[PDB]
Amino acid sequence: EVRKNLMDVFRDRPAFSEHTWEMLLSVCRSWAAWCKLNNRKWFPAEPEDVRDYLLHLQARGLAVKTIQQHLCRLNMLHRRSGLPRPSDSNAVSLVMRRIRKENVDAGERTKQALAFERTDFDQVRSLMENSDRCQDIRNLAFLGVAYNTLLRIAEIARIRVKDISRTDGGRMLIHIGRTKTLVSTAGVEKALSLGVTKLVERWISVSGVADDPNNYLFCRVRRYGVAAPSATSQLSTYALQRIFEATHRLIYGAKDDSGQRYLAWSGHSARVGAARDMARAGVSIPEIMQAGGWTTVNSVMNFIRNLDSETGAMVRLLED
């Protein structure tokens, strides 16, 4: 049952995400390695061994949410085979909490993406607007779409040409079928502004993606400025990160050698940027939840949590 069950879950691989099946195998790889190094059987995972293992991961210097992720992957591995979850016995459930508290006491916080607020969009726009290079048009159009629709980069990577339409006012409509939370055929329709519409029109006209309606919107642009529209090859998200990084480097310069995360703009920058800008502009809750595709408010808060408090509502209120 716990052998010809997994091949039952493995049978329908696209039932779960790809990244899920990557991280599961990864965590299992690490777990197996640590188990072979310390002379311990790795299946089924016994609570004490799991405890010492999570303790090891803590001792190494890994974050809390990473360790919790391994424990969750072991949970999935066991539960998907009808076996008792490791996080059901106290020995693990408690040491997890202890690890969290001990790490937080050390002064540990979860990092967030670097803000890509409106002023940055403008400052960038006043640099690549004149330039008619196939790189600059694409990148600027992509920053525009990213800041306008608050979509994740993987979602912008799957935007086919046959999804773009138009409101009667001339604004573009992007239809998204699958997101991180929503997986429906009805999907959602994110509307673009006018400026972004011009920025993307100027890319569609030049790149030559208007040929096949099944073409991917954003595509790779090779060395000397030659585009390569494909309807089968999706533009990787890593490139979409490198675009943000390239822009940020273009403006502020190269980043240093500390090797720290979110020191430059990333794929999550536009989301938190638009969220912060909307929160700062008196936009109500349901509108912010709609613009970002959120079904909860805690998420919105978790996004706009790091607003610059010096120009906050309180400091402004204590003016009088």
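Numbering starts at 1 and runs along the sequence shown.
Averaged over C-alpha atoms, is the B-factor higher for 184-192 or for 125-133 in this PDB entry?
Result of the comparison: 125-133.
Look up the CA B-factors in the entry and say which stretch, 234-242 or 209-217, has the higher mean.
Per the PDB entry, the higher value belongs to 209-217.
Among 115, 161, 173, 157 - the residue whose C-alpha B-factor is largest in the record:
Highest CA B-factor of the listed options: 115.
Highest Cα B-factor in the PDB entry belongs to which of 304, 24, 15, 297?
It is 15.
Residue 102, C-alpha B-factor rank within chain (lowest, middle or highest third):
It falls in the middle third of the chain.
Residue 258 - Cα temperature factor, lowest/middle/highest third of chain:
CA B-factor rank for residue 258: highest third.
Consider only the C-alpha atoms of the modelled residues in this chain, order them by B-factor as the entry records it, and name the third containing residue 73: lowest, middle or highest.
Within its chain, residue 73 is a middle-third residue by C-alpha B-factor, going by the deposited values.
Chain thirds of CA B-factor: placement of residue 41:
Tercile = highest for this residue's CA B-factor.
Among modelled residues of the same chain, the CA temperature factor third for residue 139:
Residue 139: CA B-factor falls in the lowest third of its chain.
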